[PDB]
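Heads up, the thing below is written out as structure tokens.
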Amino acid sequence: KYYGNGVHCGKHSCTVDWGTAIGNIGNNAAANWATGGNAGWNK
């Protein structure tokens, strides 16, 4: 979904010029997978 200006959204990726940054940060929380420390990331 292209919204205008620089925004070309997929799922975490609403582009601007930096939607790869917020997308990567989002998936790094999702690779705690315990979720940014949501489950305490117990190891």
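Of all residues in region 19-43, count the ones that are under 20 Å from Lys1 (Cβ atoms) and small (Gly, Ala, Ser).
4
A quick yes/no check of all residues on (1) surrounded by 10 or more Cβ atoms within 10 Å (Cβ to Cβ); (2) free of Cβ contacts under 8 Å to residues at least 12 places away in the same chain; (3) assigned to a loop (DSSP other than H, G, I, E, B); (4) more than 16 Å from the chain's Cα centre (by Cα):
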| position | (1), (2), (3), (4) |
| --- | --- |
| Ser13 | yes, yes, yes, no |
| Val16 | yes, yes, yes, no |
| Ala21 | yes, yes, no, no |
| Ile25 | yes, yes, no, no |
| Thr35 | yes, yes, yes, no |
| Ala39 | yes, yes, yes, yes |
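So basically every Cβ, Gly included, is an ideal-geometry build from the backbone, and we count neighbours across all protein chains shown. Read the figures in this text as sums done on the coordinates, not as results from a lab.
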